[PDB]
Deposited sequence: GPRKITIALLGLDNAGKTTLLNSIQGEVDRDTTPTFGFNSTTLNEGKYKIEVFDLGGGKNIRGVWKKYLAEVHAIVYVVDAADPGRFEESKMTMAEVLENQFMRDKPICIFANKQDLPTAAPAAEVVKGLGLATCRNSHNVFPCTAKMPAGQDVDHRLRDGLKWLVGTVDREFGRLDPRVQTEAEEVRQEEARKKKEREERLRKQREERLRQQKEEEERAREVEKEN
């Protein structure tokens, strides 16, 4: 059987995670704010990829840390057309990166909503997310998770996925055992909730 990567799709509410997940799986669909999560599976090269699309609202965000132990990598989505929110997206990513289970895991950052006239380029989003100081491998890809009526999805989305998967693939020998071990350790400690 094939190797399995697990990925968390994170970013602030309204960034476009759920739409991006849909579009990456080939399906235009309607979306409402995620007050929980969506979960699906993708094929990319030699890997089966489990993707967890978590809600980004301020009252859902605390859930993210419950996944970081079982994840090999992150897709972080930013609404590139809303610089008003760059600073909270920066603080939100910082929190994820500070987390103990994030060390050495790669981040694919999608600068989403490039169809909007105010969309910031990759450079701007690097500044805005304060990535100059980030020491998790990362790359920023502009994209449009919501292409118009009738258009093909944006190839930039798979490009970003392929960079992520290739980065995980390159370290898989060290990363996967750590994920498996770290994940079970956390899964073990949540058996507690009876007491």
* Note down, first to last, the deposited-sequence stretches for which the model contains no C-alpha atom. => 28, 197-227
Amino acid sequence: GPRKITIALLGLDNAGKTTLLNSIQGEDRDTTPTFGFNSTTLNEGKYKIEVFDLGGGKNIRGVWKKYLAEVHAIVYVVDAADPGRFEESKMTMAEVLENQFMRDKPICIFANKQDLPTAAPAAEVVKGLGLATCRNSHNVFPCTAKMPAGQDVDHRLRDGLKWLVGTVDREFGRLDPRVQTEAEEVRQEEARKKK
From here on, numbers count along this sequence of modelled residues.
* Asked: Out of 164-172 and 149-157, which one has CA B-factors that are higher on average in the deposited record?
  -> 149-157
* Higher-B stretch (mean Cα B-factor, as the entry records it), 28-36 or 65-73 -> 28-36
* Structure fact -> Highest CA B factor of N136, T133, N139, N43, as deposited, is found at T133
* **Residue with highest C-alpha B-factor in the PDB entry, from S89, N112, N99, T118** => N99
* For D104, does the deposited CA B-factor place it in the lowest, middle or highest third of the chain? -> highest
* Structure fact -> Sorting the chain's modelled residues by C-alpha B-factor and splitting them into thirds places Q180 in the highest
* To do: Within this chain's modelled residues, let me know which third the CA B factor of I5 belongs to: lowest, middle or highest.
  => middle
